[PDB]
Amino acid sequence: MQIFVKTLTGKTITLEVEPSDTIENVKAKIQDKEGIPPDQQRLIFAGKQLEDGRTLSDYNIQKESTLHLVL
């Protein structure tokens, strides 16, 4: 399942994840490709703030959904 995360410049990167993944796992991936540690990562989907702990399937992250990354 391919998810995209988008910065405030419009720049997007692609991540290969599963619905069972939690936001911690994602934040670690983002840290691998862009270097930002999960402390300073704040992810948002559908205007909801997303917290490390619940999973993609709980926030209803589907096949090619796009998340917002901010610091």
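All residue numbers refer to positions in the sequence shown, first residue = 1. The term rigid core refers to the most C-alpha atoms you can superpose between the two forms while keeping them within 1.5 Å.
- The higher RMS C-alpha distance to the shown form in 4 other deposited structures of this protein, out of 60-68 and 3-11, belongs to 3-11, with every structure fitted on the core.
- Per the deposited record, the Cα B-factor of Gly53 falls in the highest third when ranked against the other modelled residues of its chain.
- Looking at the C-alpha B-factors along this chain, the one for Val17 belongs to the middle third.
- The entry lists a Cα temperature factor for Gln62 that places it in the middle third of the chain's modelled residues.
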